[PDB]
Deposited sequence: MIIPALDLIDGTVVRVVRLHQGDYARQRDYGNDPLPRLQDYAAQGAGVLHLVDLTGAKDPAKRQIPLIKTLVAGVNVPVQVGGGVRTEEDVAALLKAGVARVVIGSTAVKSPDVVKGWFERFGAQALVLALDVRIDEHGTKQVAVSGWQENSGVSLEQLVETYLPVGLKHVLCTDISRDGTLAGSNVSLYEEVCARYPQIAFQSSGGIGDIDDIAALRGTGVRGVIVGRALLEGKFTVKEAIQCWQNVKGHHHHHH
């Protein structure tokens, strides 16, 4: 499915390459759902910078205001963070750097909350040798573990949802990982500039396609994206 996405800073919708796209995230999400979206994605950039300022009240309002599951990420570092987002009504919590840094801890979260409640978000850059290297961010060096190695760390606790962002062909990456782990539903993130970019992912095995900035920029609509995806 298409997974429309918003990045949020202090109630503001922002475009990431920061551009202010206004303080109307709820009507935006509602219109995404109205066009047929079955899942939405939010990044809490405020919470990512300081978890004490996690935008729980806003997130509560947004979840309540649409009829579809929302997955939410942004500086989810502790069990208490996961629990707080779920309590606010989020369908799934998106875990990033903590899944690289503390795998035994996050394996415990799988056991506690269930695999259906967790999405592991992994940044991948393909290195000189062609290895899919995991990094915790686009501006930090590789962490010394491959995508495959990290996926296989979590398979024993029932990993089901992985969001993969290429920060280093894009198609080949998804074809490869999806074929290797058909029991995982992979989501793609990044690189969607136009409708053709969605078409290019159709046959790869990816289950979900995250689309953020192209919608804000008015390149195409959620309805058009879904029509392309289903074609």
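message: So, counting the deposited sequence from position 1, which segments are absent from the coordinates?
response: Missing from the model are residues 18-26, 178-184, 248-256.
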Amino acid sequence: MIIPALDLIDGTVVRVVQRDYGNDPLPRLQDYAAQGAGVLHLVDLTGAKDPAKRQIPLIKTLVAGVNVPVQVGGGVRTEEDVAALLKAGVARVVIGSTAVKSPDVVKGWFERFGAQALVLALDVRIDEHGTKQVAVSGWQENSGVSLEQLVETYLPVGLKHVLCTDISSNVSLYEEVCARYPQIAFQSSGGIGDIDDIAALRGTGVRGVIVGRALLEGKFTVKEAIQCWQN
From here on, numbers count along this sequence of modelled residues.
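task: Tell me which of 169-177 and 23-31 has the higher mean C-alpha B-factor in the deposited entry.
output: The stretch with the larger average C-alpha B-factor is 169-177.
task: Compare the mean C-alpha B-factor of 42-50 with that of 63-71 as given in the PDB entry, and name the stretch with the higher value.
output: Averaged over C-alpha atoms, the B-factors run higher in 42-50.
field: Most elevated Cα B-factor in the entry, residues 128, 152, 141, 104
entry: Highest C-alpha B-factor among the listed residues goes to 128.
query: Out of 199, 184, 37, 206, which one has a C-alpha B factor higher than all the others in the entry?
result: Going by the entry's C-alpha B-factors, 199 comes out highest.
message: Can you tell me whether residue 132 has a C-alpha B-factor in the lowest, middle or highest third compared with the other modelled residues of the same chain?
response: According to the entry, residue 132 has a C-alpha B-factor in the chain's middle third.
query: Of the three thirds of its chain by CA temperature factor, lowest, middle or highest, which one includes residue 122?
result: Residue 122: CA B-factor falls in the middle third of its chain.
task: Can you work out whether the C-alpha temperature factor of residue 78 puts it in the lowest, middle or highest third of the chain?
output: Its C-alpha B-factor, which the entry lists for residue 78, ranks in the highest third among residues of this chain.
query: Should residue 9 be placed in the lowest, middle or highest third of its chain by the C-alpha B factor in the entry?
result: Within its chain, residue 9 is a highest-third residue by C-alpha B-factor, going by the deposited values.
Third assignment of residue 222 from its chain's C-alpha B-factors: Bottom third by C-alpha B-factor.
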